[PDB]
Structures are given as structure tokens and as C-alpha cells.
Amino acid sequence: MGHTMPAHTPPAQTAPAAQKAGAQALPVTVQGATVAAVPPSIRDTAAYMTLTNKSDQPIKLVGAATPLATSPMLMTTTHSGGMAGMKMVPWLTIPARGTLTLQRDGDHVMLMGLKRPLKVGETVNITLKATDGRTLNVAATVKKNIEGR
Ligand SMILES: [Cu+]
């Protein structure tokens, strides 16, 4: 039509790269979970991962169910993650900007009470459950990673 494309006009950027840009929303855990094959600290263990928020909404993740650990307990001791308490919290709400790093003693999930023997290099499914109404299946890679450190 003049400049009615097609096309957009658009592209001085600003269709971007859309595609996807405009975002829609990216469900705020574009992460490949890893779980530590038995630490030198009894069967109990944790996930080693990072929640990567790309939506900026107050999401509340409160599940980490898996044929791995019996007692999946949420924990939070990083002053930018959930909280400052390495304790069995409710869960961790990510008040937008959930760019927190789940590490053994710096906010995490304690996948406590290991059921069955694990191989460093295996992979077991995890089903997370945010009470925003998510029930998301993810592949969790079973390897200790920088442990006995
Ligand atoms: Cu912990």
C-alpha cells in the first residue's frame, strides 16, 4: 500500500525478531536442572541450577517431585534469591526478576531422602509445580559437579 507491506514497515527493529520477541512470556525456568549424585554428606542432596526469569511476574514455584528423592524440600539462603534462611521454607516466590542460582548452600532445593542408586551421568525426570498452576516436566541431569569441594 505504501509502506503497507507485509514486511512491516516494522524493521527499524520493532517487529523484532518476532518470532517470539514481544516475549509473550517465557515460563520463568529456562533451565536444565542438575542433581548431585551422593555428596560426601549422606544420601541427602540438592539441585544445582539457576531460575532465569524472562517475564517479570510474582511466580511461586513449590514443587520438585521426582523418582529420585523422597523429601524434596525448598531452601533459600541468598540475599537476591528467595530469602536469607537455609531452612525448610514454604517455598521461594520469585517476585519478578527470579534470576537466582540454586546452589548447595546458597538458595536451592534439597532433594532429601534419596530413594534409589544414582550414576554420575544419568538423567531422571523432575516434575516442578508452581501454584501459579504449572506442572512442568524437566530432565534433571544426575552428576555431582564441583563437590567434595
Ligand atoms: Cu539446604
# chains A, B, ... in the order shown; residues from 1 in each chain; ligands from 1
>>> select_by_dssp(residues="chain A", states="strand (DSSP E)", output="ChimeraX atom specification")
/A:34-35,47-50,58-61,69-77,84-85,92-95,101-102,108-114,122-128,136-142
>>> residues_near_ligand(ligand="ligand 1", cutoff="12 Å", atoms="only C-alpha atoms and all ligand atoms", output="PyMOL selection string")
chain A and resi 44-48+72-78+84-89+102-112
>>> write_last_selection(atoms="N, CA and C atoms", output="PDB file, in the first residue's frame")
ATOM      1  N   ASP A  44      21.243 -37.593  51.258  1.00  0.00           N
ATOM      2  CA  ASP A  44      20.605 -36.319  51.001  1.00  0.00           C
ATOM      3  C   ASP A  44      21.483 -35.421  50.134  1.00  0.00           C
ATOM      4  N   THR A  45      20.836 -34.540  49.371  1.00  0.00           N
ATOM      5  CA  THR A  45      21.474 -33.847  48.271  1.00  0.00           C
ATOM      6  C   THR A  45      20.607 -32.655  47.869  1.00  0.00           C
ATOM      7  N   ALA A  46      20.967 -31.989  46.771  1.00  0.00           N
ATOM      8  CA  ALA A  46      20.332 -30.779  46.297  1.00  0.00           C
ATOM      9  C   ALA A  46      20.426 -30.697  44.779  1.00  0.00           C
ATOM     10  N   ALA A  47      19.587 -29.840  44.191  1.00  0.00           N
ATOM     11  CA  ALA A  47      19.737 -29.451  42.798  1.00  0.00           C
ATOM     12  C   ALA A  47      20.750 -28.311  42.695  1.00  0.00           C
ATOM     13  N   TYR A  48      21.464 -28.257  41.570  1.00  0.00           N
ATOM     14  CA  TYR A  48      22.436 -27.231  41.232  1.00  0.00           C
ATOM     15  C   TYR A  48      21.963 -26.675  39.890  1.00  0.00           C
ATOM     16  N   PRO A  72      11.585 -33.691  48.799  1.00  0.00           N
ATOM     17  CA  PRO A  72      12.019 -32.506  48.071  1.00  0.00           C
ATOM     18  C   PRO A  72      11.632 -31.253  48.824  1.00  0.00           C
ATOM     19  N   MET A  73      12.597 -30.647  49.531  1.00  0.00           N
ATOM     20  CA  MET A  73      12.423 -29.508  50.420  1.00  0.00           C
ATOM     21  C   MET A  73      13.061 -28.288  49.784  1.00  0.00           C
ATOM     22  N   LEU A  74      12.313 -27.190  49.695  1.00  0.00           N
ATOM     23  CA  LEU A  74      12.770 -25.929  49.125  1.00  0.00           C
ATOM     24  C   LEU A  74      13.553 -25.158  50.193  1.00  0.00           C
ATOM     25  N   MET A  75      14.631 -24.471  49.797  1.00  0.00           N
ATOM     26  CA  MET A  75      15.553 -23.813  50.715  1.00  0.00           C
ATOM     27  C   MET A  75      16.149 -22.552  50.078  1.00  0.00           C
ATOM     28  N   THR A  76      16.554 -21.556  50.876  1.00  0.00           N
ATOM     29  CA  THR A  76      16.735 -20.214  50.344  1.00  0.00           C
ATOM     30  C   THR A  76      17.659 -19.376  51.234  1.00  0.00           C
ATOM     31  N   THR A  77      18.942 -19.264  50.873  1.00  0.00           N
ATOM     32  CA  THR A  77      19.917 -18.516  51.655  1.00  0.00           C
ATOM     33  C   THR A  77      20.831 -17.717  50.733  1.00  0.00           C
ATOM     34  N   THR A  78      20.236 -16.831  49.946  1.00  0.00           N
ATOM     35  CA  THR A  78      20.956 -15.871  49.121  1.00  0.00           C
ATOM     36  C   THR A  78      20.136 -14.587  49.003  1.00  0.00           C
ATOM     37  N   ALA A  84      17.047 -15.508  53.168  1.00  0.00           N
ATOM     38  CA  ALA A  84      18.328 -15.476  53.851  1.00  0.00           C
ATOM     39  C   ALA A  84      18.287 -16.498  54.986  1.00  0.00           C
ATOM     40  N   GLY A  85      17.736 -17.680  54.709  1.00  0.00           N
ATOM     41  CA  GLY A  85      17.450 -18.690  55.707  1.00  0.00           C
ATOM     42  C   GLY A  85      17.555 -20.084  55.093  1.00  0.00           C
ATOM     43  N   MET A  86      18.650 -20.806  55.356  1.00  0.00           N
ATOM     44  CA  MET A  86      18.866 -22.150  54.824  1.00  0.00           C
ATOM     45  C   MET A  86      18.026 -23.145  55.640  1.00  0.00           C
ATOM     46  N   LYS A  87      16.710 -22.968  55.573  1.00  0.00           N
ATOM     47  CA  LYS A  87      15.700 -23.659  56.358  1.00  0.00           C
ATOM     48  C   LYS A  87      14.596 -24.176  55.436  1.00  0.00           C
ATOM     49  N   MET A  88      13.740 -25.052  55.959  1.00  0.00           N
ATOM     50  CA  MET A  88      12.686 -25.699  55.192  1.00  0.00           C
ATOM     51  C   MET A  88      11.525 -24.713  55.056  1.00  0.00           C
ATOM     52  N   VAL A  89      11.708 -23.730  54.174  1.00  0.00           N
ATOM     53  CA  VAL A  89      10.728 -22.682  53.945  1.00  0.00           C
ATOM     54  C   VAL A  89       9.448 -23.239  53.302  1.00  0.00           C
ATOM     55  N   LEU A 102      20.449 -21.685  42.239  1.00  0.00           N
ATOM     56  CA  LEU A 102      20.178 -22.732  43.184  1.00  0.00           C
ATOM     57  C   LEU A 102      21.488 -23.489  43.370  1.00  0.00           C
ATOM     58  N   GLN A 103      22.157 -23.310  44.511  1.00  0.00           N
ATOM     59  CA  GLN A 103      23.407 -23.972  44.847  1.00  0.00           C
ATOM     60  C   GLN A 103      23.381 -24.448  46.301  1.00  0.00           C
ATOM     61  N   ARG A 104      24.209 -25.453  46.580  1.00  0.00           N
ATOM     62  CA  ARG A 104      24.106 -26.314  47.754  1.00  0.00           C
ATOM     63  C   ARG A 104      23.907 -25.555  49.065  1.00  0.00           C
ATOM     64  N   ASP A 105      24.605 -24.428  49.235  1.00  0.00           N
ATOM     65  CA  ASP A 105      24.438 -23.556  50.388  1.00  0.00           C
ATOM     66  C   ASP A 105      24.312 -22.103  49.927  1.00  0.00           C
ATOM     67  N   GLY A 106      23.394 -21.859  48.988  1.00  0.00           N
ATOM     68  CA  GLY A 106      23.115 -20.509  48.516  1.00  0.00           C
ATOM     69  C   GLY A 106      21.823 -20.478  47.727  1.00  0.00           C
ATOM     70  N   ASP A 107      20.729 -20.791  48.438  1.00  0.00           N
ATOM     71  CA  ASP A 107      19.381 -20.982  47.910  1.00  0.00           C
ATOM     72  C   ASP A 107      19.349 -22.204  46.998  1.00  0.00           C
ATOM     73  N   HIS A 108      18.333 -23.066  47.092  1.00  0.00           N
ATOM     74  CA  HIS A 108      18.326 -24.344  46.387  1.00  0.00           C
ATOM     75  C   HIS A 108      17.050 -25.150  46.666  1.00  0.00           C
ATOM     76  N   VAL A 109      16.959 -26.345  46.076  1.00  0.00           N
ATOM     77  CA  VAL A 109      16.047 -27.392  46.513  1.00  0.00           C
ATOM     78  C   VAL A 109      16.917 -28.496  47.101  1.00  0.00           C
ATOM     79  N   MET A 110      16.681 -28.865  48.364  1.00  0.00           N
ATOM     80  CA  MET A 110      17.226 -30.068  48.967  1.00  0.00           C
ATOM     81  C   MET A 110      16.323 -31.239  48.590  1.00  0.00           C
ATOM     82  N   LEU A 111      16.766 -31.997  47.600  1.00  0.00           N
ATOM     83  CA  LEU A 111      16.171 -33.255  47.198  1.00  0.00           C
ATOM     84  C   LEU A 111      16.642 -34.302  48.215  1.00  0.00           C
ATOM     85  N   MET A 112      16.062 -34.237  49.416  1.00  0.00           N
ATOM     86  CA  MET A 112      16.492 -35.001  50.576  1.00  0.00           C
ATOM     87  C   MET A 112      15.861 -36.401  50.563  1.00  0.00           C
TER      88      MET A 112
END
>>> closest_residue(among="A:65, A:17, A:96, A:26", to="residue 125 (chain A)", atoms="only C-alpha atoms")
A:65
>>> closest_residue(among="A:90, A:11, A:121, A:27", to="residue 143 (chain A)", atoms="only C-alpha atoms")
A:121
>>> closest_residue(among="A:29, A:116, A:55, A:10", to="residue 69 (chain A)", atoms="only C-alpha atoms")
A:116
>>> closest_residue(among="A:3, A:97, A:144, A:129", to="residue 52 (chain A)", atoms="only C-alpha atoms")
A:97
